[PDB]
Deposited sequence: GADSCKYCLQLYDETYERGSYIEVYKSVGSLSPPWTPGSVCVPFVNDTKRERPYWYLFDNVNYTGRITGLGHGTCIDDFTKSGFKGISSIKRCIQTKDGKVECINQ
């Protein structure tokens, strides 16, 4: 997928994976991937949250970014995911009021 969020079972982008294509407001139980990437490429930008409905801790990933060891990031378990857009200016508007 060109825009999707990639969630890998193992660290450093190994093992089985899941592709996510759009925002999802609750994942139960929470998803605990080893690593997460967004493909290189407007530009997709993804927010991962440790609570449902786009609340809680927030880890964001722009296009071409991998988190190689997601277990060592801000939180281990993803409860919701928001798909956004990063504008040519570099800003992401999807969580703004």
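Where C-alpha coordinates are absent, the deposited sequence of this PDB chain has the segments 1-4, 46-50.
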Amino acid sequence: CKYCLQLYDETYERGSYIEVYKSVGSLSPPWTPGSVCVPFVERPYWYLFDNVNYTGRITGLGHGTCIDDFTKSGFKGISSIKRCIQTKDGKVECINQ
From here on, numbers count along this sequence of modelled residues.
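The stretch with the higher mean CA B factor, choosing between 10-18 and 75-83, is 10-18.
Of the two segments examined, 51-59 and 64-72, it is 64-72 that shows the higher average Cα temperature factor in the deposited entry. When the CA B factors of the chain's modelled residues are split into thirds, the value for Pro44 lands in the highest one.
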